[PDB]
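Just so it is clear, none of the values below were taken in a lab; they were calculated from the coordinates. Don't worry about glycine lacking a Cβ; one is built from the backbone with ideal geometry, like all the others, and counts go over all protein chains shown.
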Amino acid sequence: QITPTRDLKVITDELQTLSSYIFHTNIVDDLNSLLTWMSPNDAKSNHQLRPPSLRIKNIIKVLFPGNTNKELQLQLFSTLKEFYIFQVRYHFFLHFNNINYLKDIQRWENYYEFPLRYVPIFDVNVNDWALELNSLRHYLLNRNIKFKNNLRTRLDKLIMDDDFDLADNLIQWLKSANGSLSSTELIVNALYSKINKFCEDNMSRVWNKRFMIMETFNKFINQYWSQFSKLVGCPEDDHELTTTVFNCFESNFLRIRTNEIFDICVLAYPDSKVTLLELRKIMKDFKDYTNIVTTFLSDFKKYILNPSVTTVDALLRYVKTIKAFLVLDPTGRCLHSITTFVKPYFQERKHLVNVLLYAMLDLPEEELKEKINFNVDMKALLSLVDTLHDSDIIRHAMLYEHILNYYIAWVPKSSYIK
Amino acid sequence: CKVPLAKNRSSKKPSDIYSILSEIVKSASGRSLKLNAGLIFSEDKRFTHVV
Amino acid sequence: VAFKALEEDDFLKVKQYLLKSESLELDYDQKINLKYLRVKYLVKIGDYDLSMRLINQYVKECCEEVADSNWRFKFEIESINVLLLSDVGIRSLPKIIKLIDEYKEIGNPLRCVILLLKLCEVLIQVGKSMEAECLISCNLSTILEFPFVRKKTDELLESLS
Amino acid sequence: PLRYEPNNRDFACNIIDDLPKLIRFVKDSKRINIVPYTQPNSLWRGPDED
Amino acid sequence: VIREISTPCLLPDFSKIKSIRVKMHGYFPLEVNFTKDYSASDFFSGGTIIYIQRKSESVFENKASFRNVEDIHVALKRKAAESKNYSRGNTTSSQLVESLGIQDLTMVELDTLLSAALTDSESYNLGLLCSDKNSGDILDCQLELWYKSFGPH
């Protein structure tokens, strides 16, 4: 995209000489009047967003109603293009440091292109006017850091507020500019932020539902996928993109549940136990287990291991967590790790042995009250009892078949994890 | 003709004075293959079953 | 003595010593110092076409023959000085950055600070000294801890004024 | 609580952490023993396990 | 017949192999063809392991324009991968150099050079760079020299 420049003075003199020779009339003063009108450098003689008078329009009609005259007109048009190109960049450079927002550039674009409607100089088949404006946009992107940062913030704000049409207008402006801030990174970041907030809004504090990640993914798709596909321009049926979006949703769901696992296991159980089964379908790596247990132990000890908490409720919540994690983890290795971390605190409390064995044998409260000097919560006692009592935790032809069905059908610190 | 082997730039607790000295005096007096094996075969529990 | 002579601008004495260098039998550790001494001397004279071809050969052979990372660092920054001194330090931006983050992990503060000054110096010969002043202001506290860089650090301050 | 987030503009690297931590000499009745150094006020200021 | 396998897999006999190539998003591809002069056995005689060089996602690589296609799916995958580490900001030196506004190596250098002159030899030099057959931020260079030549002063 090489553009030539031949100085303001030279082209002005060339324009004056050509007009004087071709027209043989004193339109040079008028020609000076028009060029000032198209020139944005002088704010007094230009348009100032005002339509021209009859004089300007008539002269344009004269300019735009043999071969030597035709080519002379062609160089005159080329010289006018150079002058207009010269004027716009100089004006743009005069106000280059004054640009801090997108709305500034369109109003300047409108400011520059206001005379363009009244005087046609740009060929329809040649998108020259687009070329230099894209060139200036590319430069503004690649020279003005604060403008680049403002665009990032503006696009992020617009996509947070569901201002989709303007966001699309922003993106086309970016792809037209072809600057160092490619739209692909922006919409990825905008999409990633939007899905996270939507996930935070929807799948927080709710655990009693089943296959709810399907519901949230479906709800989000119905609400924004068409707009997002329009923004990107990719076909609506992009399978791989939807799969990656789904993979991010479940990753977010894993992250939130890890953060909330304490309240999930302590309070919401057993009502949230269904979510635990859904969680069991998701965790696959050792790091996930370690993060879950270290987070769970952190919150548990922060709240439960206070000696200020009643020992009866402490054990009651403790066993509630044990069964919850056992349902979550059939192996029970996490239970062992939780166990090994928590026992010294249990030995710290003194009445734990008596009350627990009495809970084991379901002793009546009267015997408890005879020799125990601290109140024991009866509704806790019944609840722990109910949890404790929860118990949801031909003869020759078959030998040929079973020997094939059992031996050919290939099935693909101690144990302490009973 | 120079088979320059690439030195593995491996890289956390700094510990204390005594622990380091105890370590050195204490030290004074296949794993990769198996680690590969867990990667050479994967995506199933067949190898453990056959062993 | 030669290094002190270089500091006191006694070019005649150091020049005579380099003549002894090429025909002496020297230990490797000694060899590097004289090898490092020569490049520093050539910088002061002003000829950089010879030194630039000379410094790169040294560092290239300072990584294959002997894996001396410390002497590699000292040679690299000399080349950085040669470039920015010739009003073109922008070529060194890829080189300086790759060392910064590399030594951030290592954690040697002296390495981290020296590259900061070089980074500051390149930014001021661009015409963007505004942000260079902003960066140096925040880090001024931790760069005065090292003595021998203070002379360079102080001198840059009057330049900003 | 101080929040000292890592910033590129902060090149003020720390070396005390790289240096090995000091220790203390305390002698009991049986013999002279060696313990890791703790600041006199570190017991109530140390990073909680909790 | 093209045979696609995972990394820790037992390739067939070396003498029957004609070429092998590695392609994956990230590390730039490496493809070697075995002619009659050298067999795979001789190539792997020193060792059965071949090393690959890392590609670089450097800010300096993308001065003004992106030659990279930057597909939406891989970009989303990379952001998700980065967020996984982040879950497990201006903390990177590349952001620092981005904040400094000195990403464009050439544009910065010429701005320093044009600061003042415009000697004929150097003037033709910048013009030669402006009219380069192939380069990057050519329009940026063209538009600076226009600013220097006929801009405010």
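One equal scatterer on each Cα of chain B, no solvent, Debye formula: the resulting log10 I(q)/I(0) at q = 0.26 Å⁻¹ is -1.03. Relative to the Cα centre, the charge distribution of region A:310-376, modelled as +1 at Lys and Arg Cβ and -1 at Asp and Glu Cβ, gives a dipole magnitude of about 340 debye.
Treating cross-link reach as a plain straight distance, find the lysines whose alpha-carbon is under 21 Å from the alpha-carbon of residue E:18, omitting any fewer than eight places away in the same chain. Partners within reach: E:36. Scalar couplings 3J(HN,Hα) for region C:103-110, obtained by applying the Karplus form with A = 6.51, B = -1.76, C = 1.60 to θ = phi - 60°, are 7, 4, 5, 5, x, 6, x, 4 Hz; x denotes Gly and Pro.
Equivalent ellipsoid of region A:155-262: semi-axes from √(5λ) of the C-alpha gyration tensor, largest first, are 28, 14, 12 Å. Dipole check for chain A: with +1 at the C-beta of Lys and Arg, -1 at the C-beta of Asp and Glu, and the Cα centre as origin, the magnitude is about 740 Debye.
For residue C:124, neighbours were defined as the other residues whose beta-carbon sits under 14 Å from its Cβ, and their charges (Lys and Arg +1, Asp and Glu -1) total -4.
Hydrodynamic radius of region A:1-102 by the Kirkwood approach over all distinct alpha-carbon pairs: 15.1 Å.
The loop-placed trypsin sites (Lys or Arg not before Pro) in region A:278-334, going by DSSP, that have at most 15 neighbouring Cβ atoms within 10 Å of their Cβ come out as A:281, A:284. Just going by the charge dipole of region E:12-87, with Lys and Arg at +1 and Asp and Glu at -1 on Cβ, which of E:43, E:19, E:85 is farthest out on the positive end? The residue sitting most towards the positive pole is E:85.
Cross-link check: pairs C:15/C:118; C:60/E:133; A:413/E:84; A:287/B:34 evaluated at a Cα-Cα cut-off of 25 Å; pairs beyond the cut-off: C:15/C:118; C:60/E:133; A:413/E:84. Across chain A, Cα-Cα pairs more than 35 Å apart make up 60 percent of the total.
FRET efficiency for the pair residue C:19 and residue A:127, taken as 1/(1 + (r/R0)^6) with r the Cβ-Cβ distance and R0 = 56 Å, rounds to 0.20.
Distant-in-sequence amide contacts of residue E:30, defined by a placed amide H-H separation under 5 Å and a gap of 5 or more residues or a different chain, comprise E:22. When only the Cβ of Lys, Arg, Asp and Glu is charged (+1, +1, -1, -1), the dipole of chain B relative to its Cα centre reaches about 180 debye.
Over chain C, the pair-distance histogram of Cα-Cα distances with 10 Å bins from zero comes to 9, 34, 37, 17, 3, 0 percent, rounded to whole numbers.
Within region A:88-166, none of the trypsin sites (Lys or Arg not before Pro) combine a DSSP coil assignment with at most 14 other C-beta atoms in a 10 angstrom radius.
Restricting the calculation to alpha carbons of the protein assembly as shown gives Rg and Dmax of 37.5, 126 angstrom. Inter-label distance, residue A:168 to residue A:75: 4.8 nm, where each label sits 7 Å from its Cα along the C-beta direction.
Among the GluC sites (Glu not before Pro) in region A:234-299, those placed in a DSSP loop whose Cβ has at most 14 other Cβ atoms within 10 Å are A:236.
Shown for region A:43-136: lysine pairs separated by 8 or more places, or found on different chains, whose C-alpha atoms are under 21 Å apart, numbering 5.
With θ taken as phi - 60° and the Karplus curve 6.51 cos²θ - 1.76 cosθ + 1.60 applied, the whole-hertz 3J(HN,Hα) list for region A:312-321 is 5, 5, 4, 5, 4, 5, 4, 5, 4, 5 Hz, x standing for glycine and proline.
Computed 3J(HN,Hα) for region A:213-226, one whole-Hz value per residue from the Karplus formula 6.51 cos²θ - 1.76 cosθ + 1.60 where θ = phi - 60°, is 5, 4, 5, 5, 4, 5, 4, 5, 4, 5, 8, 9, 5, 4, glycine and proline marked x.
Using a Förster distance of 41 angstrom, determine the FRET efficiency expected from the C-beta separation of residue D:19 and residue E:61, and round it to 0.05. So, using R0 = 41 Å, E works out to roughly 0.55. In region E:6-139, the alpha-carbon atoms span a convex hull of 232 Å³ per residue. For residue E:63, a cut-off of 18 angstrom between C-alpha atoms picks up these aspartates and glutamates, skipping any fewer than 8 places away in its own chain: A:185, E:98, E:104, E:109, E:111, E:132, E:137, E:140, E:144.
The mean of 1/r over all distinct Cα pairs in region E:42-95, once inverted, gives the Kirkwood hydrodynamic radius of 14.9 Å. The Cα center of region A:34-89 and the Cα center of region A:149-165 differ in position by 38 Å.
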